[PDB]
**Student:** 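The structure under discussion is supplied below as structure tokens; questions concerning it will follow.
Letters go in sequence order (proteins before strands), and every chain restarts at 1. These values consider heavy atoms only, across backbone and side chains, with no hydrogens, waters or symmetry-generated copies.
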Amino acid sequence: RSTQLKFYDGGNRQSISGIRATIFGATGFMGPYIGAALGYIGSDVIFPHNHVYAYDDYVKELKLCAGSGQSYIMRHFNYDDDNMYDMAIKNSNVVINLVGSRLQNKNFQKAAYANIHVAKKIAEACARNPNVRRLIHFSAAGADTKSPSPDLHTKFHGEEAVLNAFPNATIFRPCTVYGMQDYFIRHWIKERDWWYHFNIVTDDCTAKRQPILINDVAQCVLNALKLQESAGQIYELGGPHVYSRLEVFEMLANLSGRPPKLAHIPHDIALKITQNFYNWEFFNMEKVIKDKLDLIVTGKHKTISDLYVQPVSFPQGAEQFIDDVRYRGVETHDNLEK
Amino acid sequence: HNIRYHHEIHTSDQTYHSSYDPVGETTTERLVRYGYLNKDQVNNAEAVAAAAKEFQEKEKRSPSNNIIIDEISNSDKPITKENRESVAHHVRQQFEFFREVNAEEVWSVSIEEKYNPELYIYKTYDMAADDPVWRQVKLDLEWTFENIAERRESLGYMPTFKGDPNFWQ
Amino acid sequence: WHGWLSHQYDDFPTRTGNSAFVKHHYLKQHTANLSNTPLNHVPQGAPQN
Amino acid sequence: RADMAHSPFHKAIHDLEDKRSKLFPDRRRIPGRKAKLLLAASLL
Amino acid sequence: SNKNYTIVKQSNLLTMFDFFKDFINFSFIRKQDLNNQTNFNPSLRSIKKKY
Amino acid sequence: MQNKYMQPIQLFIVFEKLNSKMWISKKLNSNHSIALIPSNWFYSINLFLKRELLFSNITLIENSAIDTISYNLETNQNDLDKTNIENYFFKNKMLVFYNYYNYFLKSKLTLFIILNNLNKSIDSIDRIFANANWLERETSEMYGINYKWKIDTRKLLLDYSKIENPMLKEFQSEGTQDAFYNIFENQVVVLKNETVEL
Amino acid sequence: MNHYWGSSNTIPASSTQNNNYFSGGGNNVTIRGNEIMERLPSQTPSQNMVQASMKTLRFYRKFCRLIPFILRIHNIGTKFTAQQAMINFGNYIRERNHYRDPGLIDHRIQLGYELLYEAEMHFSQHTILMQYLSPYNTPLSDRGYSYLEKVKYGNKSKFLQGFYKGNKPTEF
Amino acid sequence: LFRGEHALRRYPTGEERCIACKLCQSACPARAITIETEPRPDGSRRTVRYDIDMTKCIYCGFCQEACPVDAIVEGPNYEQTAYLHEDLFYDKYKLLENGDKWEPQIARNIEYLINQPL
Amino acid sequence: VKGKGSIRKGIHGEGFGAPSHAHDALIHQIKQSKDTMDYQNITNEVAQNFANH
Amino acid sequence: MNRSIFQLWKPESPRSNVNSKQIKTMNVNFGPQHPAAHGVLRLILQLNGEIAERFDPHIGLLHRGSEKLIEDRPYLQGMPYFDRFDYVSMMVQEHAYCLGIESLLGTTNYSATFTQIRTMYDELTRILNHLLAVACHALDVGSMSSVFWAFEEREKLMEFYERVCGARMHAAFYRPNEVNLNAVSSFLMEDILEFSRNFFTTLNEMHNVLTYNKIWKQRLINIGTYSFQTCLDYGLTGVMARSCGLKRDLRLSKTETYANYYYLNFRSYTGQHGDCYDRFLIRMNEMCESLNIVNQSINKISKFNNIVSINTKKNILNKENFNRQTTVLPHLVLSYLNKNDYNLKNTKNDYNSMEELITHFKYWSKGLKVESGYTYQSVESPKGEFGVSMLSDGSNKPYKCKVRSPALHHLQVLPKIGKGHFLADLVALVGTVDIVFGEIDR
Amino acid sequence: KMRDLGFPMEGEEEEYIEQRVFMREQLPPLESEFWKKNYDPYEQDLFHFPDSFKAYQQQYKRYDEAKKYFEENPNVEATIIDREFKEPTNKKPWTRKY
Ligand SMILES: NC(=O)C1=CN([C@@H]2O[C@H](COP(=O)(O)OP(=O)(O)OC[C@H]3O[C@@H](n4cnc5c(N)ncnc54)[C@H](OP(=O)(O)O)[C@@H]3O)[C@@H](O)[C@H]2O)C=CC1
Ligand code: SF4
Ligand code: SF4
Ligand SMILES: [Zn+2]
């Protein structure tokens, strides 16, 4: 098979890059950014989806990643019929899979369906089509076959399945991604705004994180597409430095001026309550389980430096997303004018 | 079957141009600037006379005439700095033109209107009832409607255009 | 019926008899707006094709 | 003249007294009548 | 008495700077006579040909 | 013709140091007179117009400019004489025209000024006519005219954070930038444009 | 001074006082004024290059004094510091150094003042006005950057770098 | 005379009326019409491409006035609201089926308009 | 000068204050330049106002 | 009644704290998404107790570069752009453009003049514009219902547009030397007379809720008052110029008239106070006079007298002739005088004549050729004097085309008459100036 | 002063106050103002003042130096700044930890 992919990245929205791409799982956080990174140089992007509310902004704004005649949104995707997979990537020479178990989900069967079944179907469809050159599959940095989190276990199994079906696929394992609409800074702000007095912590906050900005993952994807030696490789993507959760709390407090307050609830009570009650975005088992696990670059695979990307530091890159929630204390008279 | 005069022969495309010399320019300056004299031979009667005759024969005007060309008015009385009576003549002509141009408008200017104005005054529920002309207009409209109605009722029918697919063989 | 209902003319279609409208061999039947359905108009080079 | 009396351009020239009476008011407003009436009635 | 504070320097300003040549900054409010706006009678001047 | 007409000749009577070049045409109204005015006398001429009797009752109707650096006759090239006003459109970098109406004399007056300096500098008359503020602002932004002694020099119709003179002949009607929304920044940006051509 | 930059166009310190008692004051240089600008008169004509250069220097000084206020109100302080923005705009001015027509320079100074006023009153968008403060050959500080083309085309000349990367799309 | 949705017509035999004269393309004030022509193997000159950007069109009718064989017309239909921007990129298939669907009403209207001078 | 108190009129100048009084530069700028400010000139008074604020 | 002049105005003195601004002014965006700002007006407004002190009107939010586009097309392709200048009164813009083109060609449109269509439709669009202006001004002031009526009565005029060109707003009807004679029928004029008769009643209906209303008078009287000197300084024309007292009507001017206006008989109205009330009354009276002008034109294309029997003086009405249906024959004058041109136009078209087919091809492929020259032509549009100044180099495209719009001058003078007024007064003033931003920005 | 100017002096006339305070246009400047030689803001000449006071005065040395420089350099080549990518001089945004 041929992994060569020649394209022109020196164009703009109305140019022709030479890339025809299909992106799965673009109704989340990565989707719009990856789609914009591809379609802003003149590519054709297809977004298969089956989203519960079609009027949600998670679907409509996918039309903005490219111009008219370049972006297409395929609705009512089955995710179970082989014919639909073949139809999705029929004229695509690049395929990106962003499908993964959602944070609200706590069911092991649904986690396997998202992380293993759909990825396997995508890889098998890619193998059948002889015009697919590069496939990029998104995984997690802390993915492990013995992880207490079903998401990480199923993501490791999905890595195995994808590499088995399409041995020329590229695996990305981001550490943890922050941005305007993320589950790291936005969740921190919203939890502090709801629990006006504190942020709830269910551990000693000694777990390690390596945050990376969303704008750098898109550049990593573009660089991987430009590099032909990354075809069958696994890359772990993280920021320059490793912080503990307590350090991240303190850094977010200092950048905005909000005094920190971490109310502690024992781990077993939180586990039992999230197990036996309904789960949504701001209350689920996944947060409780992951808060005790390290999601960092382990060094077993290649890193972001092998994609020739220099990530921005967490204090420098996270400052602009908390400008509106800055503490309003004692300020000068000139600060009244905005 | 007559096609020879489908296109207009006379059209309103005429343009008229007037060019004048500076009013403050004297005779000597005009003679020097036009290449009929030089600065050295100034203040000499023979040089001035020769330049004047050369100007009058090469040019169609006297050296004291600043009208290079006048197609707009074909004027024969130049306005010159030396001749002060020409300024008075121009002032008289311009005031006469003011009076005459304002005495020819049929609607814009009317001294009788200035001294005997006619006003429209709102006094009733009907705007038309405050002016006889609008009442006459309404009565004329009703008259036209009644004539149309009686004329059409007299005939008893109404011819109409009906579609025909035989037109599209 | 569109032209009749919009008062463009006073003629209306008839099933049988003398018609005021042409009936050619290549005529297609009127269809409603097919947007937001699987049968919309697709340009020949669009990614949906 | 179409904007002055007895103009030949006007058409409705014959006897239209009944129509003119019907289409237009037949009484003139006189100042103070409503004011005096309403004030006296209100006081009483 | 409170309003009198502004009037203190107005005479010197009006006597030292020309109002129509020096571009003096100022603020003002327009007032309308309510009674004169109630008994006003609507009318217009109709213009016609020279006759 | 069929109406009372008189040239505005007193203007050049008072300004004795100026040449007089006037035109009347049947393509214009019968009361419309066009004159040529030098640039270094424009402010004084407008000062005279605003206050002199039988000129004081005047209003400024229009102002604009002509880029004559690319003016070429396309037909009837052999029907041009030395008296045609278009004969003054050659070799001249810029032209500026003002149009006024006089109520006393019931006349239209157009004045033409030839700008032959590369910086395109001319005195403003918005301190004499209150019309000239917005008109001159639009002319200056459209054609790059540099107006001196102007009340307000800010842009009137063009977009923020941009410097361009779109009404010059060198400018293509599609511009050089396009406005798009940027997902990576959650706000609108401007980019070099690629456009369709018929 | 009946002007937007006049010394009396400052925002009062309190509702009853322009400054503390016994004195007056106000900031009109590093922040915007109290009243809005209603007219911007023409620059006085400059007869030689010295006056034009002085006008350019004074405009640059005003811009440098207004940088921190613009960075704060537009939330663009993480992309670059105040000094970096000053240096980038100075690079712009340096690229405009070859000018030698004083009238053109007066026109440019008028336009610069207009754009600065637009920036300081939220007339323009930050992603639009940042085009004058952005670095010429350096990445922005608020995001990561790619150095792929630096590694592959290490010692190659500019011509070779522009030859390997085309100047037109290759599908058509 | 109402100016609605554009359509391409046929002769009563089923032949295309349009002969690819490109007068309608140059008549368009919005530059919304793009035409490309090749000789059809039987020899007649016909368009291999005839498309109209309906998002560029100003619905002015200059193109139907310019057509000398009454090939391109503006029909009576106005209910052409679309959900995608690409549904308003009209190609030859769309205009031809619009003509084949709206032919009776267009024929009646054009018949009356033709008879008006007569 | 009529209606001007003790202000005197000299040769080439009307005078703006009483004799032996200090001439004000800001008022000179106001009189000479009605609304024209080429640049925001930072005088001692402007710097003092900034420091006071 | 004592003096309150010191309470009215507050000057400024150098370094005087009590004479300076002792408050932070309210700098507000009267931005585009405001009900009273129309579409694209971004007015930076300085308010101090809801008193307008400083104005900064930002325009260009609807600037589409139309003049450059017109310079980039042949003559006929730019004409619809004028439809988008002042999109409340459409055919006046086309009339001005066609007048400019005709002046550059040195000819006149005899077919349009002998059919009276241009004068008639100019008056119809005048009624349209004044209806919209009055209704929107009343809506701004606070009268909510009146807007529903003028819009219904301007739907009939939109139908009248649709019956001659097939469009409701952007007609593109007027042509430099061509008139679609077949588009005009006798059945159309009778419906126009019916509309006029009912428009009298609808205008009276709007009359009796506004004219004598105490609230309306207290909102409009002595608001935005100016004299002829300002009316000259700021280039005010049209209804505003007739309100300032000046007698200026282009239709009634001897040297500046156009399209049958000089040989009709109608009245024009001038105010004596120069305020909003005068403008409102003038607009209503102008609508009535437009009705009168339309009636006069229809009478001029009508056949009243008939043939009577020699004995008994009894009329002999035709039975099968078209003249039996109605008395209006919109081609009687044209066929009477220009019989030769009427015959040629009705017999030869581009389907049976070689010369006509060549003319059609050249006209629709390259356009007509206009001899080089400069022209300026102005028209009394419902919003004031609307002009075109255009220079041609002899090709099929205009070298320069500049549009003189009165709405720009009215918006320019608005700050002069709006300072010192309240915010409600400012909204009413924006209503009184009949400004459209398609004409202002173009 | 107001009565001399022409301001209203009665309650009824105040309704037209604007017509006497705002609607009158300012007189245009004389052309001698445009024909001036220098347009610098006025300041006191500190020739006789001490040296400490002289520091707060217009710097004529800069004017002389600029005149000399522009006399020596009447025509120069336009400066072009290379847009070729390079590593940032300030690496703190990508190297800082806190
Ligand atoms: N963002 C982060 O912090 C990190 C993310 N990742 C992984 O990267 C991938 C992309 O990230 P992100 O966008 O943030 O994640 P999201 O959870 O926000 O998005 C998940 C996507 O998968 C789809 N999906 C979920 N479950 C199913 C299912 N059963 N069948 C079909 N589609 C399904 C969702 O669509 P819908 O629910 O509408 O059907 C959505 O499009 C995910 O796999 C995530 O786990 C890895 C490391 C860090
Ligand atoms: S105008 Fe008519 S004949 Fe010509 S190319 Fe177009 S559709 Fe074809
Ligand atoms: S109606 Fe007018 S704008 Fe539309 S395609 Fe036809 S010519 Fe072009
Ligand atoms: Zn397992």
**Student:** Quick check on G:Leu140 against chain K: is it the side chain, the backbone, both or neither that has a heavy atom closer than 4.5 Å?
**Tutor:** backbone
**Student:** Pairs of donor and acceptor atoms under 3.5 Å between chain K and chain G, please, with atom names and distances.
**Tutor:**
| residue | atom | partner | partner atom | Å |
| --- | --- | --- | --- | --- |
| K:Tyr63 | OH | G:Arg58 | NH2 | 3.2 |
| K:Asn73 | O | G:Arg100 | NE | 3.4 |
| K:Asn73 | O | G:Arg100 | NH2 | 3.2 |
| K:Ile81 | N | G:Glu95 | OE2 | 3.4 |
| K:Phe85 | O | G:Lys150 | NZ | 3.4 |
| K:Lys86 | N | G:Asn137 | O | 3.3 |
| K:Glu87 | OE1 | G:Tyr145 | OH | 3.2 |
| K:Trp94 | NE1 | G:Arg143 | O | 3.0 |

**Student:** So which heavy atom on G:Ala85 is nearest to which on G:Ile67, and how close?
**Tutor:**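 That would be CB-CG2, 4.2 Å.
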**Student:** Return the set of residues passing side-chain contact (heavy atoms from CB on, under 4.5 Å) with K:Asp45 (not counting sequence neighbours), or none when no residue passes.
**Tutor:**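 Per chain and number, K:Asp45 pairs via side-chain contact (heavy atoms from CB on, under 4.5 Å) with K:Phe47, K:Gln57.
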**Student:** So which heavy atom on G:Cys64 is nearest to which on G:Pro68, and how close?
**Tutor:**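 Nearest heavy atoms, G:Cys64 then G:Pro68: O-CD, 3.8 Å.
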**Student:** Less than 4.5 Å apart, side chain to side chain, heavy atoms only: is that true for K:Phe34 and G:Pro45?
**Tutor:** no
**Student:** Where is the tightest heavy-atom contact between K:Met9 and K:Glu13, given as atom of each residue plus distance?
**Tutor:**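 For K:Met9 versus K:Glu13, the nearest heavy atoms are N-OE1, 3.5 Å.
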**Student:** Describe, in one word, how the ring planes of K:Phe49 and K:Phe53 are oriented to each other, choosing from parallel (under 30°), tilted (30 to 60°) and perpendicular (over 60°).
**Tutor:** parallel
